[PDB]
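Have a look at the structure below, then the notes.
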Amino acid sequence: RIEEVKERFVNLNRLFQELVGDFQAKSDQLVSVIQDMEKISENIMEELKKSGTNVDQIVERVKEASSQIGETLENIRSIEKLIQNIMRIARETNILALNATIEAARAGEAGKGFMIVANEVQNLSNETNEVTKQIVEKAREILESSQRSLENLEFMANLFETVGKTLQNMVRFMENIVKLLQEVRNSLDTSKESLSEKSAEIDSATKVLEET
Amino acid sequence: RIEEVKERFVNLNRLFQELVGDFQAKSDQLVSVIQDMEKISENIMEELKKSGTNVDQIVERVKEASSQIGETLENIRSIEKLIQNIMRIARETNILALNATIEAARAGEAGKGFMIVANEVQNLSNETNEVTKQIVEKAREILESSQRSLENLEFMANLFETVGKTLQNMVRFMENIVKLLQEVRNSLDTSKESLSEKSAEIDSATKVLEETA
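Just so you know, the protein sequences line up as chains B and A, in that order. The opening position of the first sequence corresponds to residue 41 in the deposited numbering, with each subsequent residue numbered one higher. The opening position of the second sequence corresponds to residue 41 in the deposited numbering, with each subsequent residue numbered one higher.
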């Protein structure tokens, strides 16, 4: 009769022990999977950090490429001014010769020598002018080329914007999940511990029941 | 005697429950974060792949910019060749002029006006030469700028490759935690449900005892 109610207690102890035994098993198996990424996770945080330097290096490189193109632009702007100076010299030479010829013809036979020479100085001037306009042509292609370069570089910066943003969001996410994990692990330990201690206190009490 | 054990059991059960009840409350709130974390994970994964395709575009664009710089190269060399041509013409004009002065010397004062013109035809020749030397100085600094930017673009090209790689690893690891979170959520979900069932039964049996005997 009294021994009858004893079997209930011992039974109840078996219920407690089985539960705590399973809570311990499950939480330890869970801690394991968590922990087995806490290595793979570190390489990643180290990788993002290094990735940031690369971003920074790229952002500057693009900046350098730009100011550099701006340089040849300045250089082209000068070749253009300088070539126009050659063009002017060519034209100043041209009328002196032309007018020299006119005067040459004014004089008799002697003029012929000069007249022949003046005639060639002219053709050489008109030939010079020609080379000038050809150089100007290549100057305008270099201008066109540069513009396309800069625009291509701005197309690079715009697209690289998202690359910077997404990596920052990665570091952020990473910090928060590490934290999430810690709280999980932390809640399983604290819980397992107090629950195991509880069943220990229950089992002891039960040992007393059967003991006497 | 049964009583001291009976009260001990109740008290312990009562506390036992409070702790189990507390685990459930914490478990639920973690499960709420996990679910909110799975979604965020889904977006960061989309952003990653968009960056992956963006980088691919830049990879192709830099190849283009190098072609543009290379074309300026062709042009600038084409200028130097034309500049030499002008220079030759200047030398030729100079002796033509020098020969004129020298032949205007030979023909009295009947031509001491062709001396004047011949003299500045010479002066303009030398002017052309000076100018041209500055065009070369300038034309070389462009090649110096061109090469320097072809090198900067090469280091850029490879720099975008390391970024493309890193992005591919990020995707790897993202897919890899999306998995980890899912497992943890599943693990809590079932552990909460069976803890509730098992503990409910031990709570019921305790009360059955507490009243009898």
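For every residue, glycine included, the Cβ atom is placed at its ideal position computed from N, Cα and C.
ask   = Expressed to the nearest angstrom, what Euclidean distance is found between the alpha-carbon atoms of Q124 of chain A and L88 of chain B?
value = Walking along the second sequence from the start, residue 124 of chain A turns up at place 84. Walking along the first sequence from the start, residue 88 of chain B turns up at place 48. Taking the straight line joining both Cα atoms gives about 54 Å.
message = Against chain A, which members of the segment 160-187 of chain B pass a CB distance test of less than 8 Å?
response = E160, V161, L164, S165, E167, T168, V171, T172, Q174, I175, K178, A179, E181, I182, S185, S186
request  = Would you mind stating whether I126 of chain A and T168 of chain B have Cβ atoms separated by less than 8 Å?
outcome  = Locating residue 126 of chain A in the second sequence gives position 86, where the first residue counts as 1. Locating residue 168 of chain B in the first sequence gives position 128, where the first residue counts as 1. Yes. Within cutoff.
message = What does the alpha-carbon distance come out to for the pair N192 of chain A and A105 of chain B?
response = Taking the second sequence and counting its residues from 1, the one referred to as residue 192 of chain A is at position 152. Taking the first sequence and counting its residues from 1, the one referred to as residue 105 of chain B is at position 65. Spanning the two alpha carbons is a distance of roughly 7 Å.
inquiry  = Taking only three categories from DSSP, how would you classify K79 of chain B?
reply    = Residue numbering aside, residue 79 of chain B sits at position 39 when the first sequence is read from its first letter. DSSP places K79 of chain B in coil when its eight states are reduced to three.
When A:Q57, A:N94, A:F213, A:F49 are compared against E241 of chain B, the one with the closest alpha-carbon = Position 201 of the first sequence, counted from the first residue, corresponds to residue 241 of chain B. Comparing Cα positions, the closest option is A:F49.
Within 8 Å, strictly: CB atoms of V95 of chain A and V211 of chain A = Translated into positions along the second sequence, residue 95 of chain A becomes position 55. Translated into positions along the second sequence, residue 211 of chain A becomes position 171. For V95 of chain A and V211 of chain A, no; Cβs fall outside 8 Å.
ask   = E181 of chain B lies in the alpha helix (DSSP H); which residues open and close that run?
value = Here the question's residue 181 of chain B lines up with position 141 in the first sequence. Where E181 of chain B is concerned, the enclosing alpha helix (DSSP H) stretches over 149-251.
C-beta atoms of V224 of chain A and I74 of chain A nearer than 8 Å = By 1-based counting over the second sequence, the position of residue 224 of chain A is 184. By 1-based counting over the second sequence, the position of residue 74 of chain A is 34. Yes. Within cutoff.
ask   = In terms of alpha-carbon separation, which member of B:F154, B:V171, B:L221 lies closest to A147 of chain A?
value = Numbered from 1 along the second sequence, position 107 holds the residue referred to as residue 147 of chain A. When only C-alpha atoms are compared, the closest one is B:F154.
query = When the Cβ atoms of the segment 149-163 of chain B are set against those of the segment 182-197 of chain A, are three or more pairs found closer than 8 Å?
reply = no
query = Just to confirm, are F56 of chain A and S231 of chain B a CB contact at a threshold of 8 Å?
reply = Reading the second sequence from its first residue, position 16 is the one you call residue 56 of chain A. Reading the first sequence from its first residue, position 191 is the one you call residue 231 of chain B. No; because the gap between Cβ atoms is not below 8 Å, this pair is not in contact.
task = Establish whether the CB of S244 of chain A and some CB of chain B are separated by less than 8 Å.
result = Reading the second sequence from its first residue, position 204 is the one you call residue 244 of chain A. Output row for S244 of chain A: interface = no.
ask   = Looking at chain B, which residues of the segment 125-143 of chain A have a Cβ within less than 9 Å of any of its Cβ atoms?
value = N125, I126, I129, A130, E132, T133, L136, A137, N139, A140, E143
key: Residue from B:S227, B:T246, B:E233, B:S244 whose Cα sits closest to the Cα of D68 of chain A   = Numbered from 1 along the second sequence, position 28 holds the residue referred to as residue 68 of chain A. If we check each option's Cα against that of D68 of chain A, B:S227 comes out closest.
inquiry  = Would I182 of chain A and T112 of chain B be called neighbours here (beta carbons separated by less than 8 Å)?
reply    = Against the second sequence, residue 182 of chain A aligns to sequence position 142. Against the first sequence, residue 112 of chain B aligns to sequence position 72. Yes, these two residues count as a Cβ contact at 8 Å.
query = How many Å lie between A65 of chain B and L235 of chain A at the Cα?
reply = Sequence index remark: in the first sequence, residue 65 of chain B carries index 25 (1-based). Sequence index remark: in the second sequence, residue 235 of chain A carries index 195 (1-based). Between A65 of chain B and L235 of chain A, the C-alpha separation is close to 13 Å.
query = Using a Cβ cut-off of 8 Å, which residues of the segment 90-102 of chain A contact any Cβ in chain B, in chain order?
reply = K90, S91, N94, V95, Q97, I98, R101, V102
query = Whose Cβ in chain B lies nearer than 7 Å to the Cβ of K66 of chain A?
reply = Locating residue 66 of chain A in the second sequence gives position 26, counting from the first residue. The contacting residues are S227.
ask   = Assuming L52 of chain B and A245 of chain A make a contact with CB atoms under 8 Å, what is their CB distance in whole Å?
value = Taking the first residue of the first sequence as 1, we reach residue 52 of chain B at position 12. Taking the first residue of the second sequence as 1, we reach residue 245 of chain A at position 205. Between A245 of chain A and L52 of chain B the Cβ distance is about 5 Å, and since that is below 8 Å, they are a contact.
Chain-order list of residues whose beta-carbon lies under 8 Å from that of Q162 of chain A (same chain, five-residue window excluded) = Counting from one through the second sequence, the residue named residue 162 of chain A turns up at place 122. The answer, listed in chain order, is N134, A137, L138, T141.
query = What did DSSP end up calling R41 of chain A once you bin it into helix, strand or coil?
reply = Counting from one through the second sequence, the residue named residue 41 of chain A turns up at place 1. Three-state result, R41 of chain A: coil.
task = Using a Cβ cut-off of 9 Å, pull out every chain A residue sitting near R48 of chain B, in sequence order please.
result = Within the first sequence, the letter at position 8 stands for residue 48 of chain B. Residues of chain A passing the Cβ test: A245, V248, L249, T252, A253.
task = Keeping to the same chain, check which residues put their C-beta closer than 8 Å to that of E120 of chain B; ignore five residues upstream and five downstream.
result = Mapped onto the first sequence, residue 120 of chain B falls at position 80. Closer than 8 Å at Cβ, skipping near neighbours: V176, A179.
request  = Within 10 angstroms of the Cβ of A145 of chain A, are there 16 or more other Cβ atoms? Answer buried if so, exposed if not.
outcome  = Translated into the one-based positions of the second sequence, residue 145 of chain A becomes position 105. Classification of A145 of chain A: exposed, given that the 10 Å Cβ count is below 16.
8 Å Cβ cutoff, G153 of chain B in contact with chain A = Here residue 153 of chain B refers to the residue found at position 113 of the first sequence. Yes, because at least one Cβ of chain A sits closer than 8 Å to the Cβ of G153 of chain B.
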